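Okay, structure first, notes after.
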Amino acid sequence: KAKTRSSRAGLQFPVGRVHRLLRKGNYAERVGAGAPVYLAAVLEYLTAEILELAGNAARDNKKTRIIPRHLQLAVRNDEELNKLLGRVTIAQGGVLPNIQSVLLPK
Amino acid sequence: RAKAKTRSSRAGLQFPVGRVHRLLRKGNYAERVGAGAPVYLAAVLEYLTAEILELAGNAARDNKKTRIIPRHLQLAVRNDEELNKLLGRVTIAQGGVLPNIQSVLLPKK
Amino acid sequence: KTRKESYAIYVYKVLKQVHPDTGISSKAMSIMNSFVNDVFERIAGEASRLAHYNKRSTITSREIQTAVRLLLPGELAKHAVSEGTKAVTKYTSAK
Amino acid sequence: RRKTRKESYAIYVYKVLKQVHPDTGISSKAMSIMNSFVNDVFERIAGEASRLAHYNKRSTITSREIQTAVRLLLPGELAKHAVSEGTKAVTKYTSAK
Amino acid sequence: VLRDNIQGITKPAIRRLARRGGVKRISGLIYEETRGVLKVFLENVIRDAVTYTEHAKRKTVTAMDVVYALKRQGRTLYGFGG
Amino acid sequence: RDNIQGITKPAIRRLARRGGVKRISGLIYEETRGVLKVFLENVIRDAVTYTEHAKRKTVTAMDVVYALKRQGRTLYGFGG
Amino acid sequence: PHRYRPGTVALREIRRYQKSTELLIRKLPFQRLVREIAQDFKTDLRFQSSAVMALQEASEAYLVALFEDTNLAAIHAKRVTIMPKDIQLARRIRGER
Amino acid sequence: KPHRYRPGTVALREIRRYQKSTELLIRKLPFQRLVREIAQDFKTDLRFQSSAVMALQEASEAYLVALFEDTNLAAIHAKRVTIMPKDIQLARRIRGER
DNA sequence: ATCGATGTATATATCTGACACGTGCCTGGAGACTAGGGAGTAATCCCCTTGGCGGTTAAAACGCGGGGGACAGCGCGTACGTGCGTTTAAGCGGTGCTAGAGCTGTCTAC
DNA sequence: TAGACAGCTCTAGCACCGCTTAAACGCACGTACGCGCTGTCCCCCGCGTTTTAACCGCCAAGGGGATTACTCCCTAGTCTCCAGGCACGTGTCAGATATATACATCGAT
C-alpha cells in the first residue's frame, strides 16, 4: 500500500514531483522533507487564487470556460497579483478597458 | 613530482583560475564544470576589470589624482555607453552623478 | 521519451475544487503551466540564494518561508505562510 | 581567537591595475567596489551559463556555455572582445598542460 | 534576402496599437517613431534568440528560444512554454 | 514620528539640485518625503526579513545589499 | 450626409480594441520583418510559427505599453495629440533610451 | 544697495557644485532615526550596523536623484521649469512604481 | 428637446471543434533500511552597537522682498480626423518538398 | 559518463499558386487642437537673521555575533514496486455564427 505525499500534506499539487524538481534544479546539495510540502502549498494557493479570479471574470463575461482574456482581467484587476506580475506579458490577454478622463468628451 | 605551476599562469591570466573553478563548483551552477569554463570566465573578468581600471585611471589623470576614488569609477562607468548599459541598474557608492545641465536651464542673452 | 512534464491535471483539479462548473481553454491552460513554472523558479532561486547567504547546505521550510515573505505581496505571503505551515503540520502529524 | 580568512579579488585587481596603469593607485573603498563588481558579473555570467546548460539538458558547464553567456549579457563590442580574450586564453591554456 | 518589410507595419496597424494603448489622437511622425522603437526591441530580442539558437547548435529558432530571450530582458511572455 | 520630517527641506533641495532641478515647488518636499518613506519601507522590510531568516537581532550591510539587489538596484563596495 | 465628430470614433476604436484580444499587426508583414531582421545575425534561419506569434505578442504588448505611457505623458503635457518627444521621454524615463 | 543675484543663477551654480560633489546631502542622524523608526514597524529591539545605514542612505539618495532627473525631464517636457508632484507621479507611473 | 441614425445588448437556432472523459501504460512515486553529517544546542568571548554628555558650529529654520514663471485667456491654422473610392496584399486553402529537429546508438574524451 | 558523433526518421518549415476580400491606401475637407502670444500674479528664489541640532569626541557597557565543541537526527543513498500520471482515443458540448429585436447614444435640427 503506497499512499501519496500530497494527501498527507492535505494538498493537491505533487509533493514528489516538486521534490524531484528541487533535487535536479541544483539549488542546494540537500533538500528538507517539509520544504517541498511548503512549495506545493504556496503554488497551490497561488493557482487557486488566480483560478478563482479567472472564474469570477468568466462569470462576469457569462462564460463557463476560462479564456486568457479573463486571465488578463484577473491579473491586472487584483492589485497584489498585478504587483507580483508587473513585469509580465500574457499572450492573447489584451489590456484593461481604461480610458483617460481628459480624452472623454465634454 | 613536477613543479607546481598555477592554472592562471599557464592560461596567461592574473585572475585565479582555480579559485573561479572552486566558486563555480560550490556555486551550485552545474554538477560538472569543464576545464575551459574557469579559464574563459577568468579571462572575461580580467578583460572587464582591465577596461574599467584603465578608464578609471584615465579619469584619475583627468582629476590629477594618482589614486582612483569611487568618483573616478562612476565617471568611467557612466562616460562609456556600453559600460553604462552593462551597469544601468547599478548604483555606485558616493561616486556621485555625471555633471549635466540641460540646455533650457542655461541662461539666455 | 514522448511523455511530457506538466501540471495540467493539478491545475485542472484545483479549478474543479474552486469552481466545479467551469471549463478551461488550452491556451489558458498553457498559461497556467507558465504561471506555475516561473513562480517555481523564482521561489526556488530565492530559496537557493537564501541558503547560500547563511552558508546552509539544505533547503528547509524556513528558507522558502522567508522567500515567500519577500517575493509575494503581504496578504498573499501571509496566507501562503499560514497554509504552508498548516500543510507541513498535517504532513508531519500524519508522518 | 584568530580571524578567519575572508576571500577578496583585491590582489588580482591590483595586478590588473598595475598592468593597465603602472603608476596609478587605488583606494580601499574603490577596491571594495571593484570586488563587488567582479563578484556580481561572475554571478551573472555563471547563472546565465547554468540556465543555458539547463535549457539544453547539458550537465557540464564548459567554455561554450560561458561564451554564450558573454554573448547574451554583455553588449556587442564588449562581448566580442571578451570572446576574443577568453578564446585566446582557453587556446593558450590548452596548449599548456 | 528579405528587404523593406518595415513598411509592412502599416499605418492602420500602428493606429490600432495606439487605440489599444489608449491614444485618442496621433501625430504624423509617431508612426516612424514606433517603427524605430520596434526596430530596437526586435533587434535586441531576436539577437538574444539567435544567440540561444547558436548555443543549441540549431538552425530553427524555437519559441523556447524566444521566451528565453524575453526572459533575460525581464519582459516575460506567457503561453509558449515555461 | 518627526523623523520623516528630519529629512529637511534644504536636504530635499540639495538632492533635487543634484538631480538637475532648477525650480522646486513647496509640495515637492512632502511628495519626496513620501516617496523616500515608501522606498525605505520596502527596502527595510526586505532587509529585516533577511535578518530574521539569519536569526539575528542586528541588521547588517550584507542584508541591505541582498534586499537592494532583490529590489533590482544593486550597490557596490558594501558586500556581495 | 452624416459625419462623425473628430475624436468620437477614435474613442470607439479605443473601446473596441481594449475589449478585444486579437493581434493588431498583419501577420505576414511582421513575419517577413522578423525574417529580414534575423537574416543579419545568421543566414539561412528557420522559424517555428509559435516563435513568430510569440515575437508578435511581445512586440504588440511592449508597443501598447509605450502608447499608454506616451498618452499619460501627453495628457501630462496638457495635450491630446501624442508627440514623438513624448515617446522619447517615456523611453528615457523607462530606462531603455 | 546690496548685491543680490538674479533668481536662477545661484540655483545653477549650486547645481554645478553638487554635480561635482559626491558627499551625502542628508544629515545622517535624522536619516538614522527615520530608518530605525521604519524598522520598528517590522521587528522590535532591532540593531543596525553603521555600514548598513550608510548603504541605505546612499542607495536611497541615488534612487531619488534618478527620480529627480526623470522628474525634471518630464517637467521640461511639459514646457516648464518648476517641478510639481504631478511630475513625480508621472515619473513613477511610467517607471512602474505606482 | 428630439428624432433618426446607429451601434450594441439580448434572445434564439445551427453547428463544430475543442475539451472533458476514458484507456492503457509505465515510470515515477512511495515504502523500507541504510549511513552520516549537518544542523542544532551549549559554552565562550568580545566587540560594536548602543547610550550618554559636551560643545559648537554648521545647518536648519525663518522673514521677506520680488520677479519671473506658472498659468489663464485668446487667436489661429494646420494637421489630423473623418469620409470615399480604389486596390493591394493579407489571408485561406491546397500542394510540394526537404531541411532538419528529433531520437538512438557508440564511445571515448573527460 | 556524458557528450560528441553518426545515423536514421519523419516532422515541419518553407515555398508556391490562386482566389477572395477586407484591409490598406490615396485623397477630399473641414475643424479641432497644437502653438504662439499676452497678461497676470503669485510664489518661489535670494539673502539676512535667528535658531538648533547635527556632529564629533569621548566613554561605558552589554549583548549578541561570531566562535568552538558535541550530538543526534534528519536527509541522502539504495532498492523494489506499484500506482500515479501521462499520449491516445472519443464524443459531446460550449462557443461561434447567424438572425431578429430592443435600446441607448450620438448628432443634426
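In the C-alpha cells, chains take letters A, B, ... by order of appearance, with residues numbered from 1 within each chain and ligands from 1 in the order shown.
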Stretch 72-80 of chain G surroundings by only C-alpha atoms (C1' of nucleotides), 10 Å radius, close-in-sequence under 3 positions cut, as a PyMOL selection string: (chain A and resi 100-103) or (chain E and resi 22-27) or (chain G and resi 7+66-69+83-87+89-90) or (chain H and resi 74-80+86-87+90-91+93-94) or (chain J and resi 33-34)
Only N, CA, C and O atoms (P, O5', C5', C4', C3', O3' and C1' of nucleotides), please: the residues just picked out, written as a compact mmCIF listing (two decimals), in the first residue's frame.
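Saved file again_3.txt follows:
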```
# COMPACT_ATOMS: atom_id res chain seq x y z
N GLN A 100 -8.50 57.45 -20.48
CA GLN A 100 -8.10 58.62 -19.71
C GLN A 100 -9.21 59.67 -19.71
O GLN A 100 -9.84 59.92 -20.74
N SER A 101 -9.43 60.28 -18.54
CA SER A 101 -10.61 61.13 -18.33
C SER A 101 -10.56 62.41 -19.16
O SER A 101 -11.61 63.00 -19.44
N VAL A 102 -9.36 62.86 -19.54
CA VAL A 102 -9.25 64.03 -20.41
C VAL A 102 -9.78 63.70 -21.80
O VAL A 102 -10.46 64.52 -22.43
N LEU A 103 -9.53 62.49 -22.29
CA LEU A 103 -9.97 62.08 -23.62
C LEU A 103 -11.48 61.88 -23.72
O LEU A 103 -11.98 61.75 -24.84
N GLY E 22 -4.67 53.25 -25.76
CA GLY E 22 -5.43 54.34 -25.18
C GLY E 22 -5.19 55.69 -25.80
O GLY E 22 -5.73 56.68 -25.29
N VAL E 23 -4.42 55.77 -26.88
CA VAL E 23 -4.14 57.05 -27.52
C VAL E 23 -5.35 57.46 -28.35
O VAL E 23 -5.83 56.69 -29.19
N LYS E 24 -5.84 58.68 -28.12
CA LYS E 24 -7.00 59.19 -28.83
C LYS E 24 -6.62 59.85 -30.16
O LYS E 24 -7.27 59.60 -31.18
N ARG E 25 -5.58 60.67 -30.16
CA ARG E 25 -5.19 61.43 -31.34
C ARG E 25 -3.69 61.29 -31.56
O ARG E 25 -2.90 61.37 -30.62
N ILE E 26 -3.31 61.08 -32.82
CA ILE E 26 -1.96 60.65 -33.19
C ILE E 26 -1.35 61.66 -34.14
O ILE E 26 -2.01 62.12 -35.08
N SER E 27 -0.08 62.01 -33.91
CA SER E 27 0.64 62.87 -34.83
C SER E 27 1.18 62.07 -36.01
O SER E 27 0.91 60.88 -36.17
N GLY G 7 -12.74 62.66 -32.99
CA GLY G 7 -12.35 62.08 -31.71
C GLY G 7 -13.31 61.02 -31.19
O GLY G 7 -12.90 60.16 -30.41
N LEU G 66 4.14 51.24 -24.46
CA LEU G 66 4.71 52.52 -24.88
C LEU G 66 3.63 53.54 -25.21
O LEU G 66 3.76 54.72 -24.86
N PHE G 67 2.54 53.11 -25.87
CA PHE G 67 1.46 54.04 -26.18
C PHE G 67 0.74 54.53 -24.93
O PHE G 67 0.34 55.69 -24.86
N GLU G 68 0.54 53.66 -23.92
CA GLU G 68 -0.16 54.14 -22.73
C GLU G 68 0.72 55.09 -21.92
O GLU G 68 0.23 56.10 -21.40
N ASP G 69 2.03 54.81 -21.83
CA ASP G 69 2.93 55.76 -21.19
C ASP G 69 3.02 57.07 -21.97
O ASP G 69 3.06 58.15 -21.38
N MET G 83 3.08 63.47 -29.22
CA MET G 83 4.27 63.87 -29.95
C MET G 83 5.32 62.77 -29.91
O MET G 83 5.30 61.91 -29.03
N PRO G 84 6.22 62.74 -30.90
CA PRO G 84 7.36 61.80 -30.81
C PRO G 84 8.27 62.05 -29.62
O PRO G 84 8.87 61.11 -29.09
N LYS G 85 8.37 63.31 -29.18
CA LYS G 85 9.15 63.60 -27.98
C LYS G 85 8.50 63.01 -26.74
O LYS G 85 9.19 62.74 -25.75
N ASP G 86 7.18 62.81 -26.76
CA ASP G 86 6.52 62.08 -25.67
C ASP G 86 7.04 60.65 -25.59
O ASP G 86 7.32 60.14 -24.50
N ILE G 87 7.18 60.00 -26.75
CA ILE G 87 7.74 58.65 -26.82
C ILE G 87 9.19 58.65 -26.34
O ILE G 87 9.61 57.76 -25.59
N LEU G 89 10.64 60.80 -24.24
CA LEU G 89 10.64 60.99 -22.79
C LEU G 89 10.22 59.72 -22.06
O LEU G 89 10.80 59.38 -21.03
N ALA G 90 9.20 59.03 -22.58
CA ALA G 90 8.74 57.79 -21.95
C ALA G 90 9.83 56.73 -21.96
O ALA G 90 10.05 56.04 -20.96
N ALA H 74 10.52 65.28 -17.23
CA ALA H 74 9.09 65.36 -17.51
C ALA H 74 8.52 66.76 -17.31
O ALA H 74 7.54 67.12 -17.97
N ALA H 75 9.11 67.56 -16.42
CA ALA H 75 8.65 68.93 -16.22
C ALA H 75 9.03 69.81 -17.39
O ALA H 75 8.22 70.61 -17.87
N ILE H 76 10.28 69.70 -17.86
CA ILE H 76 10.73 70.42 -19.04
C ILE H 76 9.98 69.93 -20.27
O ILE H 76 9.67 70.72 -21.18
N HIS H 77 9.64 68.64 -20.31
CA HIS H 77 8.81 68.11 -21.39
C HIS H 77 7.43 68.76 -21.44
O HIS H 77 6.83 68.85 -22.51
N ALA H 78 6.93 69.22 -20.30
CA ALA H 78 5.67 69.96 -20.24
C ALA H 78 5.87 71.46 -20.42
O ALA H 78 5.00 72.24 -20.00
N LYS H 79 6.99 71.87 -21.02
CA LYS H 79 7.33 73.28 -21.27
C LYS H 79 7.35 74.10 -19.98
O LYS H 79 6.75 75.17 -19.88
N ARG H 80 8.05 73.57 -18.98
CA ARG H 80 8.09 74.19 -17.66
C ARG H 80 9.50 74.10 -17.09
O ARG H 80 10.39 73.47 -17.67
N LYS H 86 2.88 66.29 -9.52
CA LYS H 86 2.35 65.58 -10.67
C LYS H 86 3.47 65.08 -11.58
O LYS H 86 3.34 64.02 -12.21
N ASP H 87 4.59 65.81 -11.64
CA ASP H 87 5.75 65.36 -12.40
C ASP H 87 6.33 64.08 -11.79
O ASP H 87 6.67 63.14 -12.52
N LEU H 90 3.97 61.20 -12.53
CA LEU H 90 4.14 60.73 -13.90
C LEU H 90 5.42 59.91 -14.04
O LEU H 90 5.42 58.87 -14.71
N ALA H 91 6.51 60.35 -13.41
CA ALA H 91 7.77 59.62 -13.49
C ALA H 91 7.66 58.24 -12.86
O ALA H 91 8.12 57.25 -13.43
N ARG H 93 4.88 56.58 -12.42
CA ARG H 93 3.90 55.80 -13.16
C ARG H 93 4.51 55.20 -14.43
O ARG H 93 4.29 54.02 -14.73
N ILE H 94 5.29 56.00 -15.17
CA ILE H 94 5.97 55.48 -16.35
C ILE H 94 7.05 54.47 -15.94
O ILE H 94 7.25 53.46 -16.62
P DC J 33 -10.18 68.56 -29.84
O5' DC J 33 -8.59 68.67 -29.76
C5' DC J 33 -7.79 68.00 -30.72
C4' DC J 33 -6.54 68.79 -31.03
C3' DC J 33 -5.80 69.35 -29.81
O3' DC J 33 -4.41 69.15 -29.96
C1' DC J 33 -6.23 71.07 -31.34
P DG J 34 -3.44 69.02 -28.68
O5' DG J 34 -2.05 69.57 -29.22
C5' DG J 34 -1.54 69.10 -30.46
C4' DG J 34 -0.71 70.15 -31.16
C3' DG J 34 0.33 70.84 -30.28
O3' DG J 34 1.54 70.99 -30.98
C1' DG J 34 -1.17 72.46 -31.18
```
Can you list, as an MDAnalysis selection string, every protein, DNA or RNA residue that comes within 10 Å of residue J:17 when you count only C-alpha atoms (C1' of nucleotides), leaving out same-chain residues fewer than 2 positions away? (chainID I and resid 94:95) or (chainID J and resid 19)
Could you write out that same residue set with N, CA, C and O atoms (P, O5', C5', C4', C3', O3' and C1' of nucleotides) as a CSV table (one decimal), in the first residue's frame?
```csv
chain,number,residue,atom,x,y,z
I,94,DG,P,-8.6,22.8,-48.2
I,94,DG,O5',-7.5,22.5,-49.3
I,94,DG,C5',-7.7,22.9,-50.7
I,94,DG,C4',-6.5,22.7,-51.5
I,94,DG,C3',-5.7,21.4,-51.3
I,94,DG,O3',-5.6,20.7,-52.6
I,94,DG,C1',-4.2,23.2,-51.3
I,95,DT,P,-4.9,19.3,-52.7
I,95,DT,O5',-3.4,19.7,-53.0
I,95,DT,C5',-3.1,20.7,-54.0
I,95,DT,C4',-1.6,20.8,-54.3
I,95,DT,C3',-0.8,19.5,-54.1
I,95,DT,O3',0.0,19.3,-55.2
I,95,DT,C1',0.2,21.2,-52.9
J,19,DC,P,-7.6,32.2,-60.0
J,19,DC,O5',-9.0,32.4,-59.3
J,19,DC,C5',-9.5,31.3,-58.4
J,19,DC,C4',-9.8,31.9,-57.1
J,19,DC,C3',-10.6,33.2,-57.1
J,19,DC,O3',-11.9,33.0,-56.7
J,19,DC,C1',-8.9,33.1,-55.4
```
Identify, on the basis of only C-alpha atoms (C1' of nucleotides), every residue whose closest approach to residue E:11 does not exceed 12 Å; exclude the query and any residue fewer than 2 positions from it along the same chain; express the result as a PDB file with C-alpha atoms (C1' of nucleotides), in the first residue's frame.
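Written out: around_2.pdb:
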```pdb
ATOM      1  CA  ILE E   6       9.264  47.872 -42.060  1.00  0.00           C
ATOM      2  CA  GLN E   7       6.682  49.469 -44.360  1.00  0.00           C
ATOM      3  CA  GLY E   8       4.676  46.264 -43.992  1.00  0.00           C
ATOM      4  CA  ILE E   9       3.971  47.539 -40.481  1.00  0.00           C
ATOM      5  CA  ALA E  13      -1.633  48.660 -37.520  1.00  0.00           C
ATOM      6  CA  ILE E  14       0.156  51.470 -35.665  1.00  0.00           C
ATOM      7  CA  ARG E  15      -3.078  53.386 -35.108  1.00  0.00           C
ATOM      8  CA  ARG E  16      -4.734  50.186 -33.821  1.00  0.00           C
ATOM      9  CA  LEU E  17      -1.854  49.671 -31.391  1.00  0.00           C
ATOM     10  CA  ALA E  18      -2.333  53.291 -30.311  1.00  0.00           C
ATOM     11  CA  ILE E  26      -1.961  60.646 -33.189  1.00  0.00           C
ATOM     12  CA  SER E  27       0.643  62.875 -34.826  1.00  0.00           C
ATOM     13  CA  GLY E  28       2.452  62.126 -38.078  1.00  0.00           C
ATOM     14  CA  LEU E  29       5.996  61.143 -37.094  1.00  0.00           C
ATOM     15  CA  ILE E  30       4.616  58.838 -34.364  1.00  0.00           C
ATOM     16  CA  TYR E  31       4.352  56.082 -36.992  1.00  0.00           C
ATOM     17  CA  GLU E  32       8.048  56.053 -37.900  1.00  0.00           C
ATOM     18  CA  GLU E  33       8.985  56.679 -34.253  1.00  0.00           C
ATOM     19  CA  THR E  34       7.186  53.492 -33.206  1.00  0.00           C
ATOM     20  CA  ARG E  35       8.746  51.776 -36.226  1.00  0.00           C
TER      21      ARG E  35
ATOM     22  CA  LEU G  24      -3.435  44.359 -34.415  1.00  0.00           C
ATOM     23  CA  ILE G  25      -0.479  43.749 -36.777  1.00  0.00           C
ATOM     24  CA  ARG G  26      -0.878  41.840 -40.036  1.00  0.00           C
TER      25      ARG G  26
ATOM     26  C1'  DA J  23      -7.707  45.574 -45.164  1.00  0.00           C
ATOM     27  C1'  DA J  24      -4.711  49.294 -46.562  1.00  0.00           C
ATOM     28  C1'  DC J  25      -4.085  53.252 -49.430  1.00  0.00           C
TER      29       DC J  25
END
```
Env of residue H:67: 9 Å cut, atoms = only C-alpha atoms (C1' of nucleotides), seq-sep filter 6 positions within chain, self excluded. Answer as a ChimeraX atom specification. /F:19 /G:93 /H:88,91-92
Please produce a file of the residues just selected, as a PDB file, in the first residue's frame, where the atoms kept are N, CA, C and O atoms.
```
ATOM      1  N   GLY F  19      19.950  66.302  -8.743  1.00  0.00           N
ATOM      2  CA  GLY F  19      19.161  65.780  -9.837  1.00  0.00           C
ATOM      3  C   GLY F  19      18.947  66.731 -10.991  1.00  0.00           C
ATOM      4  O   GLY F  19      18.266  66.380 -11.957  1.00  0.00           O
TER       5      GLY F  19
ATOM      6  N   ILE G  93      12.583  57.762 -19.437  1.00  0.00           N
ATOM      7  CA  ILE G  93      12.177  57.516 -18.056  1.00  0.00           C
ATOM      8  C   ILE G  93      12.156  56.019 -17.763  1.00  0.00           C
ATOM      9  O   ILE G  93      12.571  55.579 -16.683  1.00  0.00           O
TER      10      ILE G  93
ATOM     11  N   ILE H  88       6.434  64.052 -10.463  1.00  0.00           N
ATOM     12  CA  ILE H  88       6.930  62.878  -9.748  1.00  0.00           C
ATOM     13  C   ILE H  88       5.991  61.697  -9.953  1.00  0.00           C
ATOM     14  O   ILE H  88       6.434  60.558 -10.162  1.00  0.00           O
ATOM     15  N   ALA H  91       6.510  60.354 -13.408  1.00  0.00           N
ATOM     16  CA  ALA H  91       7.773  59.624 -13.489  1.00  0.00           C
ATOM     17  C   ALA H  91       7.662  58.242 -12.856  1.00  0.00           C
ATOM     18  O   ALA H  91       8.121  57.249 -13.434  1.00  0.00           O
ATOM     19  N   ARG H  92       7.036  58.155 -11.681  1.00  0.00           N
ATOM     20  CA  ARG H  92       6.877  56.861 -11.025  1.00  0.00           C
ATOM     21  C   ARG H  92       5.866  55.980 -11.750  1.00  0.00           C
ATOM     22  O   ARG H  92       5.973  54.750 -11.699  1.00  0.00           O
TER      23      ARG H  92
END
```
9 Å contact set for stretch 43-53 of chain F, only C-alpha atoms (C1' of nucleotides), chain neighbours under 2 positions out, as a count of residues only: 37
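Counting only C-alpha atoms and comparing H:50, H:95, H:61, H:55, the residue that lies closest to residue G:96 is H:95.
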Pick out the chain D residues within 12 Å of chain F. Count only C-alpha atoms. Give them as a VMD selection string. chain D and resid 6 to 8 10 27 to 43
List the neighbours of stretch 14-23 of chain D out to 8 Å using only C-alpha atoms (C1' of nucleotides); skip same-chain residues closer than 4 positions along the sequence, and give me the result as a PyMOL selection string. (chain B and resi 14+46+49-50+53-54+57+66) or (chain D and resi 10)
Residue selection dump (C-alpha atoms) as a PDB file, in the first residue's frame:
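What landed in selection-v3.pdb:
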```pdb
ATOM      1  CA  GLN B  14      46.146  37.169 -13.384  1.00  0.00           C
ATOM      2  CA  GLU B  46      40.157  40.227 -16.288  1.00  0.00           C
ATOM      3  CA  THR B  49      38.443  44.728 -14.967  1.00  0.00           C
ATOM      4  CA  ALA B  50      41.198  45.971 -17.290  1.00  0.00           C
ATOM      5  CA  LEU B  53      40.533  50.153 -14.413  1.00  0.00           C
ATOM      6  CA  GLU B  54      42.060  51.804 -17.493  1.00  0.00           C
ATOM      7  CA  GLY B  57      42.911  55.668 -14.390  1.00  0.00           C
ATOM      8  CA  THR B  66      47.163  59.078  -8.622  1.00  0.00           C
TER       9      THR B  66
ATOM     10  CA  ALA D  10      41.965  42.618  -4.291  1.00  0.00           C
TER      11      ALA D  10
END
```
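Taking atom CA of residue A:88 and atom CA of residue G:35 as the two end points, the separation is 25.7 Å.
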When you look at residue J:30 with a cut-off of 12 Å (counting only C-alpha atoms (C1' of nucleotides)), what residues show up, excluding the ones that are within fewer than 6 positions of it in the same chain? I need them as a PDB file with N, CA, C and O atoms (P, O5', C5', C4', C3', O3' and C1' of nucleotides), in the first residue's frame.
```pdb
ATOM      1  N   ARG G   3     -21.773  62.782 -40.685  1.00  0.00           N
ATOM      2  CA  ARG G   3     -20.344  62.726 -40.426  1.00  0.00           C
ATOM      3  C   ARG G   3     -20.114  62.773 -38.924  1.00  0.00           C
ATOM      4  O   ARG G   3     -20.728  63.580 -38.220  1.00  0.00           O
ATOM      5  N   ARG G   5     -17.916  63.355 -35.405  1.00  0.00           N
ATOM      6  CA  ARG G   5     -17.064  64.428 -34.925  1.00  0.00           C
ATOM      7  C   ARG G   5     -15.632  63.935 -34.731  1.00  0.00           C
ATOM      8  O   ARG G   5     -15.404  62.739 -34.538  1.00  0.00           O
ATOM      9  N   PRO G   6     -14.644  64.836 -34.815  1.00  0.00           N
ATOM     10  CA  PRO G   6     -13.254  64.419 -34.583  1.00  0.00           C
ATOM     11  C   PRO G   6     -12.999  63.956 -33.158  1.00  0.00           C
ATOM     12  O   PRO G   6     -13.036  64.755 -32.218  1.00  0.00           O
TER      13      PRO G   6
ATOM     14  P    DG I  77      -3.540  82.009 -39.522  1.00  0.00           P
ATOM     15  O5'  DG I  77      -2.661  80.792 -40.073  1.00  0.00           O
ATOM     16  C5'  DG I  77      -1.839  80.055 -39.173  1.00  0.00           C
ATOM     17  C4'  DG I  77      -2.105  78.562 -39.288  1.00  0.00           C
ATOM     18  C3'  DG I  77      -2.762  78.109 -40.598  1.00  0.00           C
ATOM     19  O3'  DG I  77      -2.215  76.860 -40.999  1.00  0.00           O
ATOM     20  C1'  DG I  77      -4.030  77.358 -38.798  1.00  0.00           C
ATOM     21  P    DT I  78      -0.886  76.788 -41.900  1.00  0.00           P
ATOM     22  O5'  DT I  78       0.017  75.709 -41.139  1.00  0.00           O
ATOM     23  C5'  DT I  78      -0.194  75.455 -39.751  1.00  0.00           C
ATOM     24  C4'  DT I  78      -0.798  74.077 -39.538  1.00  0.00           C
ATOM     25  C3'  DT I  78      -0.867  73.204 -40.793  1.00  0.00           C
ATOM     26  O3'  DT I  78      -0.583  71.858 -40.452  1.00  0.00           O
ATOM     27  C1'  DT I  78      -2.995  73.383 -39.861  1.00  0.00           C
ATOM     28  P    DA I  79       0.891  71.256 -40.661  1.00  0.00           P
ATOM     29  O5'  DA I  79       0.937  70.026 -39.643  1.00  0.00           O
ATOM     30  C5'  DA I  79       0.492  70.197 -38.302  1.00  0.00           C
ATOM     31  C4'  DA I  79      -0.688  69.288 -37.995  1.00  0.00           C
ATOM     32  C3'  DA I  79      -0.611  67.886 -38.604  1.00  0.00           C
ATOM     33  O3'  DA I  79      -1.052  66.939 -37.657  1.00  0.00           O
ATOM     34  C1'  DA I  79      -2.631  68.912 -39.234  1.00  0.00           C
ATOM     35  P    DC I  80      -0.487  65.437 -37.674  1.00  0.00           P
ATOM     36  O5'  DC I  80      -1.604  64.627 -36.873  1.00  0.00           O
ATOM     37  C5'  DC I  80      -2.419  65.314 -35.935  1.00  0.00           C
ATOM     38  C4'  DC I  80      -3.892  65.115 -36.242  1.00  0.00           C
ATOM     39  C3'  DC I  80      -4.279  63.709 -36.720  1.00  0.00           C
ATOM     40  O3'  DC I  80      -5.426  63.275 -36.020  1.00  0.00           O
ATOM     41  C1'  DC I  80      -5.197  65.310 -38.132  1.00  0.00           C
ATOM     42  P    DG I  81      -5.726  61.709 -35.824  1.00  0.00           P
ATOM     43  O5'  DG I  81      -7.287  61.680 -35.494  1.00  0.00           O
ATOM     44  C5'  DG I  81      -7.920  62.853 -35.001  1.00  0.00           C
ATOM     45  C4'  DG I  81      -9.160  63.174 -35.807  1.00  0.00           C
ATOM     46  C3'  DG I  81      -9.973  61.951 -36.225  1.00  0.00           C
ATOM     47  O3'  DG I  81     -11.296  62.070 -35.765  1.00  0.00           O
ATOM     48  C1'  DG I  81      -9.616  63.404 -38.071  1.00  0.00           C
ATOM     49  P    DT I  82     -12.261  60.792 -35.805  1.00  0.00           P
ATOM     50  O5'  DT I  82     -13.057  60.952 -37.184  1.00  0.00           O
ATOM     51  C5'  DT I  82     -13.873  62.095 -37.401  1.00  0.00           C
ATOM     52  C4'  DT I  82     -14.403  62.124 -38.821  1.00  0.00           C
ATOM     53  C3'  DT I  82     -14.977  60.793 -39.326  1.00  0.00           C
ATOM     54  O3'  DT I  82     -16.314  60.977 -39.781  1.00  0.00           O
ATOM     55  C1'  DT I  82     -13.494  61.739 -40.913  1.00  0.00           C
ATOM     56  P    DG I  83     -17.197  59.713 -40.239  1.00  0.00           P
ATOM     57  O5'  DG I  83     -17.087  59.727 -41.836  1.00  0.00           O
ATOM     58  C5'  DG I  83     -17.751  60.743 -42.579  1.00  0.00           C
ATOM     59  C4'  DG I  83     -17.295  60.753 -44.029  1.00  0.00           C
ATOM     60  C3'  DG I  83     -17.655  59.501 -44.835  1.00  0.00           C
ATOM     61  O3'  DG I  83     -18.503  59.848 -45.921  1.00  0.00           O
ATOM     62  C1'  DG I  83     -15.394  60.168 -45.205  1.00  0.00           C
TER      63       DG I  83
END
```
Hey, could you make a per-residue contact list for stretch 46-79 of chain A against stretch 80-95 of chain C with 12 Å as the cut-off, showing the nearest pair of atoms and its distance in Å to one decimal, counting only C-alpha atoms, sorted by chain and number, as a Markdown table?
```
| residue | atom | partner | partner_atom | distance |
| --- | --- | --- | --- | --- |
| A:46 | CA | C:80 | CA | 8.3 |
| A:47 | CA | C:80 | CA | 11.5 |
| A:48 | CA | C:80 | CA | 11.4 |
| A:49 | CA | C:80 | CA | 11.1 |
```
Can you check which residues of chain H have any atom within 12 Å of chain A? Use only C-alpha atoms and format it as a PyMOL selection string. chain H and resi 95-98
Just to be explicit: take each residue in the selection above, keep N, CA, C and O atoms, and write the result as a compact mmCIF listing (two decimals), in the first residue's frame.
```txt
# COMPACT_ATOMS: atom_id res chain seq x y z
N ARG H 95 7.71 54.71 -14.81
CA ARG H 95 8.68 53.77 -14.28
C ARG H 95 8.04 52.55 -13.62
O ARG H 95 8.77 51.66 -13.18
N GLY H 96 6.72 52.49 -13.56
CA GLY H 96 6.03 51.36 -12.96
C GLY H 96 6.19 51.24 -11.46
O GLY H 96 6.36 50.12 -10.94
N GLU H 97 6.14 52.36 -10.74
CA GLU H 97 6.23 52.36 -9.29
C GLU H 97 4.89 52.61 -8.61
O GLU H 97 4.83 52.63 -7.38
N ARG H 98 3.82 52.80 -9.38
CA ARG H 98 2.51 53.10 -8.82
C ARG H 98 1.48 52.07 -9.27
O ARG H 98 1.81 50.91 -9.52
```
